[PDB]
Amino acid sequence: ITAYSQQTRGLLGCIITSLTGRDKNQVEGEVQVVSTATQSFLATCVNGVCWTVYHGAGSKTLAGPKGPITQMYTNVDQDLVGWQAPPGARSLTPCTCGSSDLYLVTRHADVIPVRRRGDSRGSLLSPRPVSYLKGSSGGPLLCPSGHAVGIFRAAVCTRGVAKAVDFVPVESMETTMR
């Protein structure tokens, strides 16, 4: 597993596209770095669906080629939303090898080892300041085959330091479809 980020628009561009809801830009890659006027976070494509966290996107539409995309799925119970990924987006396939070696991808395209400890839980192998995971919610947890195990929801801290991560498991993402 390896990662690289590319910024595709700036401050003024993002605010505008936010107001019109029409994004003509070429989409690609598996993980979108997304923004509203107030915060920034990630969104991960699994099976045709662009998944991200409700605490980032709230009820919002996604700016797209043909205007705003209305959310297909909104699950406040899971902190989960999804839109139909726009053409170009490269979706991941669900992990089906229940391994416990996972990789979290951050907004800076760090891939960091996290050990799976339960079906929505994993531990980091070295503690991280919170500011280092901040803005990475919605990002992929990955198996060694690069398949999707879930999306990063929250961090678990001892004494203000991150030592574990909580994630919406791919299985619950399948359940919210249908």
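When you see a residue number, it is the position in the sequence shown, counting from 1.
Novice: In the PDB record, does 145-153 or 119-127 carry the higher mean Cα temperature factor?
Specialist: That would be 119-127.
Novice: Looking only at CA atoms, which has the higher mean B factor in the entry: 38-46 or 105-113?
Specialist: Between 105-113 and 38-46, it is 105-113 that shows the higher mean C-alpha B-factor.
Novice: Looking at the C-alpha B-factor of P65, is it in the lowest, middle or highest third of its chain?
Specialist: As the PDB entry reports it, the C-alpha B-factor of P65 lands in the highest third of its chain.
Novice: Would you check the entry's CA temperature factor for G98 and let me know if it's in the chain's lowest, middle or highest third?
Specialist: Highest third of the chain for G98's C-alpha B-factor.
Novice: Name the third of the chain's ranked CA B-factors that contains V165, choosing lowest, middle or highest.
Specialist: It falls in the bottom third of the chain.
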